[PDB]
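A note on names: the letters A, B, ... follow the listed sequences, proteins ahead of strands, and every chain is numbered from 1. Note that ligands are numbered from 1 as they come in the structure, with each ligand's atoms numbered from 1 the same way.
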Protein chains: 2
Amino acid sequence: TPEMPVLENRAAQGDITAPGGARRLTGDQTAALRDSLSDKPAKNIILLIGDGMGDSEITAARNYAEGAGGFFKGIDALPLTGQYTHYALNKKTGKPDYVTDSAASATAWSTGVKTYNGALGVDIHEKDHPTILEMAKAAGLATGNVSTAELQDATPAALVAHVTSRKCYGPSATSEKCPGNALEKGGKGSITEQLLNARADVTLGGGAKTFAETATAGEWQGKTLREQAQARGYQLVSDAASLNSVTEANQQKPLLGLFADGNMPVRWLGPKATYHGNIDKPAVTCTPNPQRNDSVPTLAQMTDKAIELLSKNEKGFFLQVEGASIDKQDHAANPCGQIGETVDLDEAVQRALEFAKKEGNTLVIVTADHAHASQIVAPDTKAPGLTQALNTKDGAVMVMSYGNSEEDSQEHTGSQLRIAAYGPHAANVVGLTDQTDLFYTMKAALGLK
Amino acid sequence: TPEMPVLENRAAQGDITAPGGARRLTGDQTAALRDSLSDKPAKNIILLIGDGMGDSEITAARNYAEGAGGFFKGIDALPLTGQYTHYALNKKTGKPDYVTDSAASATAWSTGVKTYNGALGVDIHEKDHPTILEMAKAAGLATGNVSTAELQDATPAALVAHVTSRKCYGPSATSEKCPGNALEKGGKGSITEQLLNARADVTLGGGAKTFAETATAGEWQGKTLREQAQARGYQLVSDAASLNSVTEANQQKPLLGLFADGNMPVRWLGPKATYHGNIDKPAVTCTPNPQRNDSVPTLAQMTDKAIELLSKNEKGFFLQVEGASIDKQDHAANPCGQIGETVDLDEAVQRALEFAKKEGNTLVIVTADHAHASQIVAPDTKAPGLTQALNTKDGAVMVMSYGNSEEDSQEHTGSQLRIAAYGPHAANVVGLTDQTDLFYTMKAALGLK
Ligand SMILES: [Co+2]
Ligand SMILES: [Co+2]
Ligand SMILES: [Co+2]
Ligand SMILES: [Co+2]
Ligand SMILES: [Co+2]
Ligand SMILES: [Co+2]
């Protein structure tokens with residue numbers, strides 16, 4: 001039912017070289033914003049995270065894919081916006097650590113407590129805290145966790161695992177790096193073992209490799225984690241046909257989709273940026289990655305499937321969806337891979353908003369875990385790092401720069417960044433907020449105890 | 001009490017290492033946001049521009065001066081926030097130029113038309129378009145133009161000069177670089193000549209150097225631009241005592257405060273960042289500039305006086321205040337200089353919000369012309385550019401990196417950035433908008449017919 005509006009168009013309205021032609025607005029917004037404010041309960045929440053998707057990453061993707069004056073029909077369409085802070089903490093001192101990793105930030109919105117880089121579901125004293133997904137399930141809501149990364153990666157793992165190091169994917173790494181969590185030492189187990197215990201109704205992503213490990217203790221000792229999932233009643237799917245065939249997902253038959261051995265394939269291919277890449281080389285045009293395929297569900301397809309299965313729960317549901325490789329390609333100084341994964345996320349955001357606008361009691365939030373390296377610079381820039389010129393939709397060149405690491409991976413950055421929302425309680429993302437306020441916002445919107 | 005609320009406190013509410021201790025919100029914001037929405041006329045508008053003040057610059061300055069969980073009482077206190085685009089145009093092709101300079105962006109919000117880099121008050125066809133200040137004056141409102149830069153500099157110059165290159169400060173520069181604008185060639189003249197013609201009520205800043213020049217033609221041929229200003233009824237002040245002695249500023253008594261020959265002094269000093277500076281040099285604590293003075297009005301002081309003098313006009317006033325050297329210090333890879341000028345701007349914003357909250361019909365907007373180079377990165381970063389470690393208010397180290405230029409000056413960046421507002425019609429900065437939308441928003445809120 002239409003009541004709260006989703007923005008229909010914020011593209012430049014006309015000829016950008018003419019007076020008024022670059023305007024994104026067509027009239028006053030006071031009434032539209034009033035219509036966007038409701039404090040009624042959120043029956044459902046869909047939280048979409050672009051990993052590393054700072055304002056710079058949004059702008060670069062929009063400039064390339066949609067044109068400077070273009071509009072992301074998903075990402076740019078949420079009417080209530082603000083800027084939030086995502087600093088982590090130094091484990092020893094408890095003081096702020098100004099640049100977080102994916103684990104401490106996902107732990108912050110999923111538990112409401114700040115923590116140290118690399119921690120999942122625990123605070124600086126390594127004490128476990130319940131996550132918004134575990135809380136939703138406990139309250140009888142359906143739950144979904146979707147990501148284009150390995151499911152053991154920090155972002156999706158924070159919702160279902162409590163470990164002292166994000167490296168504890170399976171039994172082997174846990175025994176070596178998180179001895180206190182190792183199952184054979186009396187702990188709760190590896191990230192994959194804890195994910196199997198958490199039992200969200202719908203879990204979709206990559207990361208099949210770790211399921212080949214076998215447990216070192218417990219009821220399923222000696223069996224692979226895949227065998228364990230099967231013995232525990234999970235429906236396992238591995239491709240788009242398998243996924244489409246699923247008709248239900250619930251506690252009796254939870255769904256686990258493992259679509260790649262490690263990360264899922266990126267949407268677009270292009271070369272890595274290089275030293276004086278914008279002065280020494282010709283411009284790059286991105287191209288679709290052949291490895292995608294009709295056999296691999298897209299992030300928008302996984303999102304739609306999750307929504308269809310979780311919406312069957314009369315009480316409501318919580319769903320987190322992660323466009324994971326925006327960050328990974330930004331680390332790899334690869335504009336095409338980075339931008340393609342941002343376009344990918346925009347499609348999933350559109351599916352979420354289409355659902356939310358019709359359902360009327362769904363709060364949709366779109367943001368990032370932290371900012372990143374990429375910068376949009378003048379075409380004639382002579383920079384010390386890695387740069388690349390790109391042919392955009394506008395038929396002009398845009399140059400991107402990665403200038404914060406001499407090491408193999410570009411670095412995260414600490415800038416506050418955009419958080420946007422639509423639906424019941426969306427006012428709580430406007431103005432300056434902290435990433436831990438998002439936990440409390442989601443908890444209150446759902447009316448959780 | 002002031003119906004429209006100013007955010008009182010969005011600092012972290014407690015122990016950031018404890019659950020909820022880093023929250024900036026104390027409860028639901030739906031009602032507060034409803035109370036912040038009004039479409040009544042803006043009687044007055046105060047536009048504050050932090051040149052180069054992207055989200056990264058706001059965050060770095062907050063982290064250093066207020067701590068990561070701190071709160072800028074001015075900058076962070078506006079309740080309605082969005083992200084806006086500021087791309088310029090390639091003059092020859094008319095397509096977007098993804099990274100603007102100060103001239104094209106200030107032309108965009110002051111005229112509503114996109115333009116090429118370096119252009120002031122003209123489009124890509126070199127055609128003049130009226131500025132919001134010129135229009136405000138024509139309508140019977142009082143007008144103020146305040147900046148810590150030279151008054152010929154792009155930001156304040158865009159409100160009163162129409163020239164094909166921002167370099168046309170005076171007669172000499174104009175005759176060689178903007179032959180078509182040179183007075184002795186029939187044009188409207190240099191930036192300073194046009195500024196004297198525009199005759200705003202209150203003009204305060206630096207740039208007295210150019211006034212030594214003498215007109216090549218016109219009624220004041222042979223006289224220095226300063227002699228000319230005196231000759232045209234201008235009330236000239238040059239220090240703080242002379243300025244805070246002025247009791248009135250109007251058309252027969254326009255005020256021209258020239259407080260420095262070039263740019264006004266920055267607040268704080270520190271070493272410039274250097275290669276591997278966060279690794280090879282000690283962390284830095286910023287030092288107060290001993291030559292910043294007590295006979296030189298601060299930005300907050302110039303803002304307050306301008307407000308006192310412009311508010312006597314019953315119809316209303318338009319005032320633009322620029323914290324100009326955030327950008328200039330970012331170009332110089334100087335974190336302390338940059339952060340201190342951001343702190344300086346925050347003080348001016350507090351004065352504006354305090355007045356606006358009492359007055360009730362004043363729209364205040366805080367934003368920047370474009371983004372910039374500085375990035376916050378991990379303490380152990382090994383970057384190819386210039387870096388520096390800083391001792392923050394939290395008693396922890398923050399490292400900043402400038403990595404997009406091997407040249408003498410760091411580069412602007414193209415990322416969309418925060419725009420925030422308070423007062424009538426503030427809803428028009430929420431969500432995604434363009435810098436040219438801000439012109440239409442100001443014009444319409446004042447009801448300039
Ligand atoms: Co991340
Ligand atoms: Co991630
Ligand atoms: Co990362
Ligand atoms: Co600028
Ligand atoms: Co400026
Ligand atoms: Co600049």
Side-chain angles (χ1 to χ4, degrees), chain A residues 47-54 57 86 88 99-110 117-118 120 145-159 166 191 205-207 262-264 299 320-331 338 341 345 367-373 377-378 409-414 417 435, chain B residues 49-54 57 86 88 99-106 117-118 149 153-155 166 263 322-333 338 341 368-374 378 402 404-405 407-414:
Chain A
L47 169 61
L48 297 111
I49 302 289
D51 201 307
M53 193 184 73
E57 281 66 35
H86 43 71
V99 184
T100 189
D101 78 333
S102 291
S105 52
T107 291
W109 74 71
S110 59
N117 284 342
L120 290 171
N145 191 5
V146 172
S147 173
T148 54
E150 309 161 294
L151 286 165
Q152 303 74 27
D153 195 29
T155 315
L159 297 178
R166 67 181 293 175
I191 288 166
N263 295 314
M264 286 175 74
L299 183 59
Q320 178 177 287
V321 178
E322 185 195 17
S325 279
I326 291 166
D327 169 89
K328 300 178 190 295
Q329 300 295 135
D330 211 316
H331 282 294
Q338 182 193 304
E341 293 312 86
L345 179 65
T367 183
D369 55 343
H370 51 71
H372 214 305
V377 300
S409 176
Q410 294 285 310
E411 307 258 345
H412 294 176
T413 62
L417 57 87
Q435 188 165 62
Chain B
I49 302 292
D51 201 307
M53 189 185 77
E57 285 60 33
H86 43 77
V99 188
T100 191
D101 77 332
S102 280
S105 49
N117 283 340
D153 197 24
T155 317
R166 59 184 295 178
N263 292 313
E322 171 216 20
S325 279
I326 291 175
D327 167 82
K328 306 177 189 294
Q329 291 303 130
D330 212 313
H331 278 297
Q338 179 192 307
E341 294 312 88
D369 57 346
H370 51 72
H372 215 301
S374 79
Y402 295 84
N404 65 15
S405 193
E407 340 251 83
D408 289 338
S409 173
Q410 286 295 304
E411 296 269 342
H412 292 168
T413 58

* **the Co ion (ligand 2) reached by A/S102 (N, O or S, under 2.8 Å)** => no
* Measuring from the Co ion (ligand 2), name the closest N, O or S atom belonging to A/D51. => OD2
* **N, O or S atom of B/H412 closer to the Co ion (ligand 6) than 2.8 Å** => yes
* **Angle, NE2 of B/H331 through the Co ion (ligand 6) to OD1 of B/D327 - 10° precision** => 100°
* To do: Determine, stepwise, if the pair A/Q320 / A/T155 fulfils side-chain contact (heavy atoms from CB on, under 4.5 Å).
  => CA-CA 9 Å; A/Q320 178 177 287; A/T155 315; 3.9 Å; yes
* Is there a side-chain contact (heavy atoms from CB on, under 4.5 Å) between A/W109 and A/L47 once you walk through the steps? -> CA-CA 10 Å; A/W109 74 71; A/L47 169 61; 3.5 Å; yes
* Side-chain heavy-atom pair A/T148, A/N263 within 4.5 angstrom cut-off -> no
* Asked: Below 2.8 Å, any N, O or S contact between B/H370 and the Co ion (ligand 6)?
  -> no
* Asked: Do the rings of A/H372 and A/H412 sit parallel, tilted or perpendicular, given the 30° and 60° boundaries?
  -> perpendicular
* Asked: Taking C-beta and beyond as the side chain, do B/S102 and B/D51 meet within less than 4.5 Å on heavy atoms?
  -> yes
* With the Co ion (ligand 2) as the reference point, give the N/O/S atom of A/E322 that is nearest. => OE2
* Determine, stepwise, if the pair A/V321 / A/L299 fulfils side-chain contact (heavy atoms from CB on, under 4.5 Å). => CA-CA 8 Å; A/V321 178; A/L299 183 59; 3.6 Å; yes
* Please confirm if an N, O or S atom belonging to A/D369, backbone or side chain, lies less than 2.8 Å from the Co ion (ligand 1). => yes
